[PDB]
Each structure stands twice: as structure tokens, then as C-alpha cells.
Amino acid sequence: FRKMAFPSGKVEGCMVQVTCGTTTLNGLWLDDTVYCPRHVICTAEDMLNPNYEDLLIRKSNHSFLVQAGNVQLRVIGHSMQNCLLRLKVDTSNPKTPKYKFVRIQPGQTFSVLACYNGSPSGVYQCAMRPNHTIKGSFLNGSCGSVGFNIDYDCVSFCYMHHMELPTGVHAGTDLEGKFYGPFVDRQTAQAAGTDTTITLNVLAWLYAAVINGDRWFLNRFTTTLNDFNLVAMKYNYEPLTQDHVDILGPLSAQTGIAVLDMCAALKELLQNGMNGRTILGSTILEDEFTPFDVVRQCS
């Protein structure tokens, strides 16, 4: 039916306000550690060409203003962890959930908790683009906002926000501090690669459209899989592996609609276009729903 993010509860109790100088951004507070982007130590004009390890030297424990809502936290140690600033604190988080750090593979979706000063503002779901970018909302002071999944009752942190590219797309790192894609914490000529459509997702969403009583785009047409990929190369789509076909199986078996039949339906949708019509109240093709967050939705 609708695009839905994960419950934000467990992550909300982890959001803190890390301020350094006139720089003030969000941070994640797990046990006696607080993570945030290492550019909090930078000033506006140091984002030109930054010497992070040397700037980090100027700083000492008293330079950081960690604020758990209203409780001000005593920072007892600072250390750089790639692009993230690791801060050992006095008082470990009592609200800390069971957590894991994951580096999600492109095409995978997660929920973002938008924060502006260490208190949550809103929550939405996006997807890791094949060119390693994200399409969210982040104005001033939103760096530090995290991205995550919740399986079972376990929080998998997989994103922190660092920068917006001069085209309106967003870039960041996992919780180890390592960037997704070829980007660096620096304001220089940094382009984004061409984006391709997450084919697998379009297919999964098509099944959800069928689940929901929208089946006009269907046909007794099938496709080889070798020919479909030619059509995909034509329309900036990701190609289809057998591994994509495999766990579309569960979805195929429910609706009794073969995967190759669904590709044939897609193939036609791209080639013919089928104007005026809407799939799940949308003319555009939706690639930000993984198979897993489709089975999960129903139910």
C-alpha cells in the first residue's frame, strides 16, 4: 500500500547534540560512546581543504559539548575512526537497545531519523542508490542523522549523514566511518555517478501492486531473461541476476505469477509506456521497495 519507515523509538533515545565551536550537529549515543561526523571540528572555511588529523590535535576533551536532551555529558576521550569522531563519555546510555553496525549493499532500503539539534524531527524510508547516494531531506544541522533497520527488536545502524552534493543528493557513511561510494568529507568538485534503477525492487513493487488488486500491466508474455537485460541496458536499469530471480520466488509463488512473466510485464511497461494509467496510484516506476519490505508489509 504505502511507503513506511521503521518505528523510531529505539533510535530516538540515542540522539545527542554534539557541538564544537560554532559547529553544532547530531550524534549517536551507544553505551559509553558517541558517534558523529568528524567535520564538527571544522569551521565553515575549513571545509574548503581540511587537514582533519591536524585540526583534531587543536581539540581536546573540553572542546566537545555533548547534550543528551538537557543532561550535558562529560566527554572523557576523543579519537578519530575514519570519517567518524569516536567519543568515549562519562555516563553510558541507559536507553541503549541491542544494536549491530551493518554496511548495507546498494539497492537496500533503510529508515532515516531526521534530527536537528539532538532531538528527532521526522522519520522516513529511503534506499541506497546504485551510485551510492540517498534522496532524503537534510537542512542545516542534520548531519549526524542516522539510518537503520529493525529486525526482531535489534537495531542495525547502517547510515549516518555527512553532506549534500551540489545537486540535492545526500552522501554519508556506515557507523565505522567509511563512506558509501567514492565521496569524501570535503567541499570540492565531487560529482555523482549516473543513477540506475533498482530493477529487483520495481519487480517486487509490481507484485505488491498485484497483491493489491492492480493487474492491468500483466500478460501471457514471457521473456528469456537474456533479452530483458538488453531492454534494461537501454533504460538505465540494473541487469537481472539469477539471485534476483531466486527470492522473487516467494513473491511469485503467492501470486502464482512467474518472475519471467513479471519481467515481460516490466519490459512492456518500459517499451510501450502505457500512458495515463497508474500503478498503486503512481505513474512513475517505484524502485525504493525491496522484496523484503514488501513481504513484511503484507504481512
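By rigid core we mean the largest C-alpha set that fits within 1.5 Å across both forms. Counting begins at 1, following the sequence as shown.
Participant: Name the stretch that deviates more in 5 other deposited structures of this protein: 207 to 215, or 180 to 188? Use RMS CA distance to the shown form, core superposed.
Facilitator: Higher root mean square deviation of C-alphas in 5 other deposited structures of this protein is shown by 207 to 215.
Participant: Could you say which moves further from this form in 5 other deposited structures of this protein, stretch 236 to 244 or stretch 38 to 46, by root mean square CA distance after aligning on the core?
Facilitator: Farther on average in 5 other deposited structures of this protein: 38 to 46.
Participant: Please work out which of 219 to 227 and 107 to 115 has the higher mean CA B-factor as recorded in the PDB entry.
Facilitator: Higher mean C-alpha B-factor in the PDB entry: 219 to 227.
Participant: Out of 276 to 284 and 20 to 28, which one has CA B-factors that are higher on average in the deposited record?
Facilitator: Averaging CA B-factors over each stretch, the winner is 276 to 284.
Participant: Which one of 92, 173, 201, 131 shows the top CA temperature factor in the record?
Facilitator: The record points to 92.
Participant: Compared with the other modelled residues in the chain, in which third is the CA B-factor of residue 1?
Facilitator: Within its chain, residue 1 is a middle-third residue by C-alpha B-factor, going by the deposited values.
Participant: Ordered by C-alpha B-factor within the chain, which third holds residue 252? Give me lowest, middle or highest, please.
Facilitator: Middle third - that is where residue 252 ends up once the chain's C-alpha B-factors are sorted.
Participant: Sorting the chain's modelled residues by C-alpha B-factor, tell me whether residue 62 ends up in the lowest, middle or highest third.
Facilitator: Top third by C-alpha B-factor.
Participant: Ranked by Cα temperature factor within the chain, is residue 205 in the lowest third, the middle third or the highest third?
Facilitator: Its C-alpha B-factor, which the entry lists for residue 205, ranks in the lowest third among residues of this chain.
Participant: Sorting the chain's CA B-factors, does residue 264 end up in the lowest, middle or highest third?
Facilitator: Top third by C-alpha B-factor.
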